[PDB]
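[1] Here's a sequence, model it:
(one chain, ligands or ions: 3)
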Amino acid sequence: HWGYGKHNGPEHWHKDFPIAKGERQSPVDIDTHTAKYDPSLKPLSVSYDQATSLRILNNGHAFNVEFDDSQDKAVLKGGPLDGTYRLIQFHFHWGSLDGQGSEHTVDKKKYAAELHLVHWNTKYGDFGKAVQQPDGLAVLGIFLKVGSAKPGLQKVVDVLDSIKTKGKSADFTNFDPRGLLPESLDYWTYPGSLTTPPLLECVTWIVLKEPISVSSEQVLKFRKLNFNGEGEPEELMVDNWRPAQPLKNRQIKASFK
Ligand SMILES: NS(=O)(=O)c1ccc(NC(=O)NCCO)cc1
Ligand SMILES: NS(=O)(=O)c1ccc(NC(=O)NCCO)cc1
Ligand SMILES: [Zn+2]
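    Numbers count the residues shown, from 1 in each chain. Ligands and ions are numbered 1, 2, ... in the order given. The protein structure is shown below:
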């Protein structure tokens, strides 16, 4: 099965998922001087006031905080997007060390972690249909640097002891994802893919310029999770990030000068 180890990590994925070598793969390096400011880009509209978180799940590759996506409760609109995209889950990718962990990079800089708020285009009815479409998903990516704690992350941090191993889930209601956002919603955008198998080329990536800061203790708690199931040999869930992929025939656009 695919993973992030020596024998099943990102360099092996193409053997089962040949789209890994496709034309619009993610993540990418964001070369900030080559990105083009597009004044026709609209501000992002993040409407999370009615969000309903339900559960948190260790899926063996990351942990997902899942939301009720059966109504337009937490939606992303505007920016480069046409129509309305519903929040289904968020998760993170992180490193074994503060010097690495993000999937996207900025002028080759790696951040300690990267948050992905995953949304699907309501015109396609559900997530499974949306991933089959070139405009099916919008993923809002937010970098994490280590410094001051992020108070809105602590509720996530504190439940991780309950989902240490693959397949464990826990109730996780009333979590407000607005507590994970930075001040500014300035962003870069480009067409790309899921960054894990099946690597489907269905994502409008929206990557925020401003990172959030989390404490060293917060990210250390991410690194105590396990990729394995309970009663299997323990392998720490760290370095669950795919490296930057070739940009190919793509231009990254910026919402800001
Ligand atoms: N990254 S990938 O192409 O999906 C892949 C799948 C299986 C493996 N190896 C495997 O299954 N070995 C048997 C031990 O469990 C390695 C990589
Ligand atoms: N890292 S990423 O490109 O944001 C990503 C998002 C969703 C998936 N797959 C998925 O099934 N998401 C919804 C889970 O219920 C895989 C990769
Ligand atoms: Zn992700």
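
[2] separation between the residue of the stretch 151-257 of the chain at minimum distance from ligand 1 and residue 1?
    Of all residues in the stretch 151-257 of the chain, residue 197 sits closest to ligand 1, with a separation of 6.0 Å (C-beta to the nearest ligand atom). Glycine gets a C-beta too; all of them are placed from N, C-alpha and C. Computed as C-beta to C-beta, to the nearest Å, the residue 197 to residue 1 distance reads 9 Å.

[3] Specify which residue of the two has the higher count of neighbours.
    Ranked by neighbour count (other C-beta atoms under 10 Å), residue 197 and residue 1 place residue 197 first, with 18 against 7.

[4] Correct me if wrong: the more buried one contacts residue 13.
    Yes: judged on C-beta atoms under 8 Å, residue 197 makes contact with residue 13 at a distance of 5.7 Å.

[5] Name all residues that sit in contact with these two at the same time.
    2, 20 (C-beta atoms under 8 Å, 6 or more residues apart in numbering).

[6] Helices along the protein, start to end?
    For the chain, the helices defined by DSSP state H occupy 127-130, 154-159, 216-222.

[7] Select, out of the ones you listed, the one closest to residue 118.
    Of all the helices of the chain, it is helix 127-130 that lies closest to residue 118, at 8.3 Å by C-beta to C-beta.

[8] Could you tell me how far the residue of the stretch 151-257 of the chain closest to ligand 1 is located from residue 250?
    Residue 197 sits 21 Å away from residue 250, going by C-beta to C-beta.

[9] Likewise for residue 193?
    Distance from residue 193 to residue 250, by C-beta to C-beta: 11 Å.

[10] Now for those two: what residues contact both?
    The contact lists of residue 193 and residue 250 share residue 24, where a contact means C-beta under 8 Å, 6+ apart.

[11] how about the helices of the chain, which one is nearest ligand 2?
    Closest to ligand 2 of those, according to C-beta to the nearest ligand atom: helix 127-130, at 5.7 Å.

[12] Just the CA coordinates for the closest one, please, in PDB.
    Output in PDB follows, covering the C-alpha atoms of helix 127-130 (Å, rounded to 0.1, in the frame of the first residue of the first chain):
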ATOM      1  CA  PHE A 127     -17.300  14.500  -3.100                       C
ATOM      2  CA  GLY A 128     -16.900  11.200  -5.000                       C
ATOM      3  CA  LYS A 129     -18.400  12.800  -8.200                       C
ATOM      4  CA  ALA A 130     -16.500  16.000  -7.700                       C
END
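
[13] Report the buried residues of it.
    By neighbour count on 16 or more other C-beta atoms under 10 Å, the buried set for helix 127-130 is 127, 130.

[14] List the contacts of it.
    Counting by C-beta under 8 Å, 6+ apart, 69, 88, 120, 121, 124, 136, 137, 202 sit against helix 127-130.

[15] Tabulate those in JSON lines, adding columns for distance to residue 256 and neighbour count.
    Listed next are the contacts of helix 127-130 as JSON lines, based on distance: C-beta to C-beta, whole Å; neighbours: other C-beta atoms under 10 Å:
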{"residue": "69", "distance to residue 256": "30", "neighbour count": "23"}
{"residue": "88", "distance to residue 256": "27", "neighbour count": "19"}
{"residue": "120", "distance to residue 256": "26", "neighbour count": "26"}
{"residue": "121", "distance to residue 256": "25", "neighbour count": "23"}
{"residue": "124", "distance to residue 256": "30", "neighbour count": "18"}
{"residue": "136", "distance to residue 256": "26", "neighbour count": "22"}
{"residue": "137", "distance to residue 256": "23", "neighbour count": "24"}
{"residue": "202", "distance to residue 256": "26", "neighbour count": "24"}
